[PDB]
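1. Requesting a structural model of the entry that follows:
(chains A and B, ligands or ions: 4)
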2 protein chains.
Amino acid sequence: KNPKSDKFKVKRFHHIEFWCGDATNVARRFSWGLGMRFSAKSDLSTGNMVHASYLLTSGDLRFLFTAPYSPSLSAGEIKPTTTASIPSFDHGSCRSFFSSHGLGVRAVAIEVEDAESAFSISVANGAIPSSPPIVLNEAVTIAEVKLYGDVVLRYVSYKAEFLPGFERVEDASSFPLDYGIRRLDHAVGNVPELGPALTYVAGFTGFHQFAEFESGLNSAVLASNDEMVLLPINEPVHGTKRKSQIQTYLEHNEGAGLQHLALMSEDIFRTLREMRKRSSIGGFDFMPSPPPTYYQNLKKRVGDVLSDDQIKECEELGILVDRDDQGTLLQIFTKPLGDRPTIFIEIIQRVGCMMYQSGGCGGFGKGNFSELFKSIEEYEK
Amino acid sequence: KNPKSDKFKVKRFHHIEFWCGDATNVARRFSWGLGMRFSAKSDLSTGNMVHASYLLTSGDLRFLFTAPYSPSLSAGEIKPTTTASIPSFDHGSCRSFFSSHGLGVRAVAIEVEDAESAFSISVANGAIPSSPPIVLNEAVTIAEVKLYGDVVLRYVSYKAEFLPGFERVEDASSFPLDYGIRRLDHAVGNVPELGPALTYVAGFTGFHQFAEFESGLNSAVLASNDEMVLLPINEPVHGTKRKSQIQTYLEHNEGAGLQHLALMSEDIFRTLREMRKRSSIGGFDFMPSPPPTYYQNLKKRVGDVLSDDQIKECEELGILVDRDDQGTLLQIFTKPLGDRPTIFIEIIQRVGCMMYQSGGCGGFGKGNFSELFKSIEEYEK
Ligand SMILES: CCCn1c(=O)c2c(C)c(C(=O)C3=C(O)CCCC3=O)ccc2n(C)c1=O
Ligand SMILES: CCCn1c(=O)c2c(C)c(C(=O)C3=C(O)CCCC3=O)ccc2n(C)c1=O
Ligand SMILES: [Co+2]
Ligand SMILES: [Co+2]
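-> Residues are numbered from 1 along each chain as shown, chains lettered A, B, ... in the order given. Ligands and ions are numbered 1, 2, ... in the order given. Next comes the structure:
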């Protein structure tokens, strides 16, 4: 069921913005680890005396890394005279966010038809405003409302290159890395209580629940009209034997925030070979692999979609597989991206549901909670 | 002239500690960029609920990256019950340092025979104490006094593995990178006034001035008895046409701090090939190269030490060369390590002064200020 109840026209995921203490070092680590190119910048070299912002791209995926400068550099500016390229940026907010949460996502940005319209409708329907709409160079409109914790949902609309005031990167410094990642598939929040959070977000977006198919989580997924913008939310299940990983997140994060970003690859096998090659030389580590029992059990579950060779390939790389009614999902998770056990990344590829491919095809892998436990205990034998 | 006036027995540079917001991402960037191995850790996985600290090694060079956790994780601890592996660490101090300075060096650590003795003598002779001596596991003694700005000089003595409470890195995660860097040659501070700073530091160490051989700097070098611990200090020269790079540092750093770390390599040619290979894929960028006139002028200056082929090699890699009375120095500088134009790294190799090789052999390259200007203007032609 899809009531298609979006309250404003929503296009696609546009970008993700991390708030950090040093944008240079985080951006350079991510570039090498994930194979994303340096595409644009707004820093001192471009006249921005307020914040250092660096943009990484892979296909249509945009990761923006931003950090503050000393406020003394821009102490004489006022908002009408600012040199910031992101008018919503605030020194105090950024330092407070990062000291409270450590490294993580500040903005989930989606492209809309009319950022001004989306903002007003949103707050008309209960959104807590964060940054009012601003028109950049008469060409781009940007606005922000609260999503959960200190994460904002950013609207971005274009009348007709990333943002005004950003310069393209002189390719000499812009090495064309590419491990196969292509777009952002979904962005997941952790909250203490799922009910009030879902009611708030679906309330002002009109997004509908996507509908799915003991391990410490309850969760639900909001979706836009064509189900291409996907925003799942988790809450802790307390009192179980094994401590909830959602509760651990809220503890070490100082409350709600974004849990994982799921990046779609055009060839998950090559993405995972390339990332694993780099895990120990500046890249990302992956969660411990499932036991061979898990892969011996895959023939019965997806032996009609993946060849026996394609299953052995999953086993070498530690990929997980799940399946709903309409298609199949290959997935794998990184260890946390930073010091704290909080944000992590998921790499995914979806098989099926062709009309183009419809969003959510195969679900989100909840069936791998039980299957992982099962295969672990079979292998304990 | 060497009066050998050290007021306590001083051995060698022991380590450098960076204070950052996310130790994981900075450490991983440095590892790949400089070819340093992950050697030890003290974090949540080792029972440290206070700070995440990761140690990188290359030969005898030790880079320690440290970041705070949420104070709520250790809110019930007191100093007698602390889980920190570095007793001098303080949450407030670390967050205040990094928000004020961005990424940079907090501690310059030297190994002494008696850290307790060195501390008392130092403050007896004018050192401002920072952290009193603490004995770790009855095996290591650590103490800290102020050096300049918010940089401390850390004393470390061993009765007889980095520090108690640090675990060796399970080599699976400890890839053995090595680009040829071997030890820390010198560590350089920027201050507004050189006179008062030198008087303070030589005052409590007994270190002597090392003695050298318009571009915006005045500087002097303090040295220990065998001249192996080397601590140069710069001050701005104001009112010149081209703005002083020392003044720019103090502006963007919010005052005094460490300017550069000079790492000695056993083969600067291979170190620079390896680092340059990585500049655009997560490593470090190097300052713009000198013009061909500079290298055509090298035959007359060091044609008795470097072959014509060894000079062409310098030209490919952008290495600079200087020479004093006793030996020759090859050097090159990175662009800043972070967002702000503040800290940078120097790679160096020294030729000459054999007895082992005496420290400071060839000076520090001040003769390259004029030679760079000269060759630039000849090449303007
Ligand atoms: C330490 C790794 C633990 N772990 C996960 O974290 C994990 C995640 C995070 C997902 C996931 O992506 C997801 C959604 O996107 C929608 C909300 C529900 C949900 O969980 C799916 C499976 C997972 N499995 C199997 C697992 O074992
Ligand atoms: C943007 C690069 C600008 N630049 C330097 O920064 C530079 C430095 C930093 C050194 C140096 O190491 C040093 C000492 O170690 C002792 C104190 C004096 C001193 O300066 C030497 C030469 C340099 N030259 C030539 C240069 O052009
Ligand atoms: Co997911
Ligand atoms: Co130097």
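2. Can you list the neighbours in contact with stretch A:131-148?
-> A:86-88, A:107-108, A:114-116, A:118-119, A:122-123, A:127-130, A:152-160, A:163-165, A:189, A:191, A:197, A:201, A:204, A:233, A:256-257 (Cβ atoms under 8 Å, 6 or more residues apart in numbering or on different chains). C-beta coordinates here come from the backbone N, C-alpha and C atoms, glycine included.
3. Quick one: end-to-end distance for it.
-> 15 Å (Cα to Cα, to the nearest Å).
4. centre of the chain versus it, how much separation?
-> Computed by Cα atoms, centre = their mean, to the nearest Å, the chain-centroid distance of stretch A:131-148 equals 20 Å.
5. Stretch A:70-79 too?
-> Chain-centre distance of stretch A:70-79: 31 Å, with Cα atoms, centre = their mean.
6. what's it in contact with?
-> Taking Cβ under 8 Å, 6+ apart as the rule, stretch A:70-79 contacts A:49-50, A:82-84, A:87, A:91, B:100, B:102, B:251-252, B:254, B:340.
7. got it, and stretch A:317-324?
-> Against stretch A:317-324 from outside (Cβ under 8 Å, 6+ apart): A:212-213, A:268-269, A:272-273, A:276, A:286-290, A:294, A:298, A:301-302, A:305-306, A:313-314, A:328-332, A:362-368, A:371-372.
8. Pull the contacting residues for residue A:344.
-> Each residue near residue A:344 by Cβ under 8 Å, 6+ apart is listed here: A:259-260, A:333-337.
9. and the closest residue to ligand 3 within chain A, what does it touch?
-> The nearest approach of chain A to ligand 3 comes at residue A:262, 4.3 Å away (Cβ to the ion). By Cβ under 8 Å, 6+ apart, the residues touching residue A:262 are A:184-188, A:331, A:345-348, A:364.
10. tell me the domain ranges of chain A?
-> A:10-173, A:181-380 (CATH domains of a matching chain).
11. quick one: terminal-to-terminal distance for the shortest one?
-> Using Cα to Cα, one end of domain A:10-173 lies 34 Å from the other.
12. Distance to ligand 2 added to the contacts of residue A:262, as JSON lines?
-> Putting the contacts of residue A:262 into JSON lines (distance: Cβ to the nearest ligand atom, whole Å) gives the following:
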{"residue": "A:184", "distance to ligand 2": "39"}
{"residue": "A:185", "distance to ligand 2": "44"}
{"residue": "A:186", "distance to ligand 2": "45"}
{"residue": "A:187", "distance to ligand 2": "41"}
{"residue": "A:188", "distance to ligand 2": "44"}
{"residue": "A:331", "distance to ligand 2": "47"}
{"residue": "A:345", "distance to ligand 2": "36"}
{"residue": "A:346", "distance to ligand 2": "42"}
{"residue": "A:347", "distance to ligand 2": "40"}
{"residue": "A:348", "distance to ligand 2": "45"}
{"residue": "A:364", "distance to ligand 2": "50"}
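13. Let me know the closest of those residues to residue B:44.
-> Set against residue B:44, the nearest of the contacts of residue A:262 by Cβ to Cβ is residue A:345 (19.5 Å).
14. was I right about that closest one contacting residue A:337?
-> Yes. Counting by Cβ atoms under 8 Å, residue A:337 is a contact partner of residue A:345 at 6.4 Å.
15. Of the two, give the one with the bigger neighbour count.
-> Using other Cβ atoms under 10 Å in any protein chain shown, the more surrounded residue of residue A:345 and residue A:337 is residue A:337, with 27 against 21.
16. and the more buried one, that's in a helix?
-> No. Counting by DSSP: H, G, I helix; E, B strand; the rest coil, residue A:337 falls outside a helix, being coil.
17. Skipping its backbone neighbours, what lies nearest it in space?
-> Spatial nearest neighbour of residue A:337, excluding adjacent residues (Cβ to Cβ, 6 or more residues apart in numbering or on different chains): residue A:343 at 5.3 Å.
18. which residues does that neighbour contact?
-> Residue A:343 makes contact with A:103-105, A:257-261, A:336-337, according to Cβ under 8 Å, 6+ apart.
19. sorry, back to before: report the set of residues contacting both of residue A:345 and residue A:337.
-> Common contacts of residue A:345 and residue A:337 (Cβ under 8 Å, 6+ apart): residue A:284.
20. Show me the helices in chain A, by range?
-> Along chain A, the stretches classed as helices by DSSP state H are A:23-34, A:91-101, A:115-124, A:194-205, A:245-253, A:268-277, A:292-296, A:298-302, A:308-317, A:367-380.
21. how near is whichever residue of the stretch 51-200 of chain A sits closest to ligand 2 to residue A:274?
-> Proximity of the stretch 51-200 of chain A to ligand 2 (Cβ to the nearest ligand atom) peaks at residue A:173, 17.4 Å away. To residue A:274, residue A:173 is 21 Å away according to Cβ to Cβ, to the nearest Å.
22. Who has more neighbours out of those two?
-> Set residue A:173 next to residue A:274 and count neighbours by other Cβ under 10 Å: residue A:274 wins out with 20 against 11.
23. Compute the number of surrounding residues for the nearest residue to the more buried one once chain neighbours are set aside.
-> Distances taken as Cβ to Cβ, 6+ apart place residue A:179 nearest to residue A:274, at 3.9 Å, with adjacent residues excluded. A total of 21 residues lie near residue A:179 under the criterion other Cβ under 10 Å.
24. No further queries at this time; thank you.
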